[PDB]
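The figures that follow rest on heavy atoms only: side chains count, while hydrogens, waters and symmetry mates do not. When a ligand or atom number is given, it counts from 1 through the structure's own listing order. In what follows, chains are A, B, ... by sequence order, proteins preceding strands, each numbered from 1.
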Amino acid sequence: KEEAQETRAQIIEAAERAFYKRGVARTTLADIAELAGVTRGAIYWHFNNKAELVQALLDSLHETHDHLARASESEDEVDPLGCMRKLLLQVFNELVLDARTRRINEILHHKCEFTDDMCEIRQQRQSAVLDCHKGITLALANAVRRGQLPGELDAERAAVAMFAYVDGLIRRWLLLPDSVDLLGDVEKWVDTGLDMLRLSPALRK
Amino acid sequence: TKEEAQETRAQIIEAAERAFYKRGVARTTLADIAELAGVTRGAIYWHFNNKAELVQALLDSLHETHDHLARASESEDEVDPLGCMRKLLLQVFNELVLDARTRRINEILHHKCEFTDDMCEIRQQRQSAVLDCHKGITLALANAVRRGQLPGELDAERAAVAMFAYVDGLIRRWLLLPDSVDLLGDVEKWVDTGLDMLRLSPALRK
Ligand SMILES: O=C(CCc1ccc(O)cc1)c1c(O)cc(O)cc1O
Ligand SMILES: O=C(CCc1ccc(O)cc1)c1c(O)cc(O)cc1O
Ligand SMILES: O=C(CCc1ccc(O)cc1)c1c(O)cc(O)cc1O
């Protein structure tokens, strides 16, 4: 029943503390098993290796925005740019309010080396950023098919400029919090990025 | 100063870069840097005390090819403080794609260098560096406003952060997926885009 299947969520949670205190590079399954109070067998039962766990920390970040995201990417949503505003606000709200989001992000950006002894962390990350880029592009097009964003704007590049700016901000708040009142000014910070996409001639063809 | 220790100093740094690049900054002992560099261990000890001193010196190295433009841009008597900043950003990107040395230290710094509350000096240094860099963009952005090169009521402080986030994230995306961003081919567009956001965006005002 309810045992074997709930251990999974207890393994992930211990994997987070372990990763947070020690770092991905130097943590081993064994470290996580002791923390979870299970055996390395219980772990191997849900996770073939340490890259799956990491992967699972990463795939957990998408859940809260899922719907707002899917909306932005829908060709039938009359407010696609407005949907991308609500998502960015939620990404930044979730970041400031949820200890758990803050720490998975803090693990991904500042613990977590790409080493060649375990290169699926890197491959997993590349691939994750491609799929997020493709999402942004469609949203970008959808707003353009709609008078919300300048016609024949460069999707691709705007997509990358947008990612760059948000990744870099998140990582910056993650380094210096008291230096960005990210919560008190979510609106300003989001629209700065929005203003770029819609006002930058360099982002045009 | 002494001519032997210089080459000696130079020979440890260079091999730290090679060493963090393969093994990363968490699982690399100053002893690895030994057998790789050649130099006897205790000298690596005369030279640097731990990891935070050495990692620090990789960062310190990065800044240098950009000294002149960055302090030009920051000078209050500089007639074109946005001009310098434009070129600076060009050099930075140009140097990233070209100089194998620069692309590597950046990879180390972004991708191979964990923060643990056990390796506090790595984080502490990082924080400090960004605050310094931050202190520069703001002065320059303030000199460009004054010159009437950036909108009048520009929020310099928020603006520097905005700019800072966009470049750091662009560098990292390029490291992560170079074949995605023709950083070298479209280099002018990438700079201008970030500059456009400083000048055009309403939200960065006041
Ligand atoms: O722009 C973003 C998210 C930006 C972002 C990427 C990574 C991250 O860590 C935080 C925020 C975005 C999507 O992703 C999906 C969408 O349908 C619309 C949309 O606007
Ligand atoms: O996967 C990432 C981080 C991407 C990234 C990792 C390393 C790097 O160097 C640059 C970018 C991520 C989040 O964290 C949060 C999101 O809502 C979406 C999202 O895609
Ligand atoms: O924007 C930057 C550097 C950004 C940056 C460079 C290298 C790097 O590795 C990461 C970020 C900058 C300064 O710092 C100081 C200035 O007076 C002007 C200026 O334009």
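- Residue-ligand proximity: A:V166 is placed with a non-hydrogen atom under 4.0 Å from ligand 1.
- Side chain to side chain, B:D80 and B:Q149 meet the donor-acceptor criterion of an N or O pair below 3.5 Å.
- Scanning A:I136, A:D66, A:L138, A:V129 for the heavy atom closest to atom 13 (C) of ligand 1 points to A:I136.
- No donor-acceptor contact under 3.5 angstrom links the side chains of B:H111 and A:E113, judged on distance only.
- For atom 18 (C) of ligand 3, the nearest protein heavy atom (residue, atom name, distance) is B:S73 OG, 3.6 Å.
- A side-chain donor-acceptor contact under 3.5 Å links B:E95 and B:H66.
- Ranking protein heavy atoms by distance to atom 16 (C) of ligand 1, first place goes to A:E73 OE2, 3.5 Å.
- If you check which protein heavy atom lies closest to atom 19 (C) of ligand 3, you get B:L88 CD2, 4.0 Å.
- Heavy-atom proximity to A:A69, at under 4.0 Å, picks out these atoms of ligand 1: 16 (C), 17 (O).
- In terms of protein heavy-atom proximity, atom 14 (O) of ligand 1 is closest to A:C132 SG, 3.9 Å.
- B:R103 and B:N106 share no donor-acceptor pair across their side chains, judged by distance under 3.5 Å alone.
- For ligand 3, the atoms sitting less than 4.0 Å from at least one non-hydrogen atom of B:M85 are 20 (O), numbered in the order shown with element in parentheses.
- Of all atoms in ligand 2, numbered sequentially from 1 with element shown, those under 4.0 Å from a heavy atom of B:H111 are 9 (O).
- Scanning the protein heavy atoms around atom 7 (C) of ligand 1, the nearest turns out to be A:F163 CE1, 3.6 Å.
- Taking OH of B:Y166 as the start and CG of B:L89 as the end, the distance is 9.0 Å to the nearest 0.5 Å.
- Scanning the protein heavy atoms around atom 9 (O) of ligand 3, the nearest turns out to be B:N106 ND2, 3.6 Å.
- The closest heavy-atom contact to atom 10 (C) of ligand 3, among the options B:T138, B:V92, B:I171, comes from B:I171.
- In terms of modelled atom types and a separation under 3.5 Å, the side chain of A:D31 and the main chain of A:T28 share a donor-acceptor contact.
- Protein heavy atom in closest approach to atom 1 (O) of ligand 3: B:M163 CE, 3.2 Å.
- Rounded to the nearest 0.5 angstrom, A:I107 CD1 and A:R17 CZ are separated by 11.5 Å.
- For A:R125, every heavy-atom contact with ligand 2 shorter than 4.0 Å involves the side chain, none the backbone.
- Geometrically, ligand 2 and A:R171 share no nitrogen or oxygen pair separated by less than 3.5 Å.
- Around the NE2 atom of B:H68, the shell of radius 6.0 Å holds no more than 12 heavy atoms that belong to other residues, nucleotides or ligands.
- In this structure B:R172 satisfies the salt bridge (charged side-chain N to carboxylate O under 4.0 Å, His left out) test with no other residue, sequence neighbours excluded.
- If you take CZ on A:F92 and CG on A:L87, they are separated by 9.5 Å, rounding to the nearest 0.5 Å.
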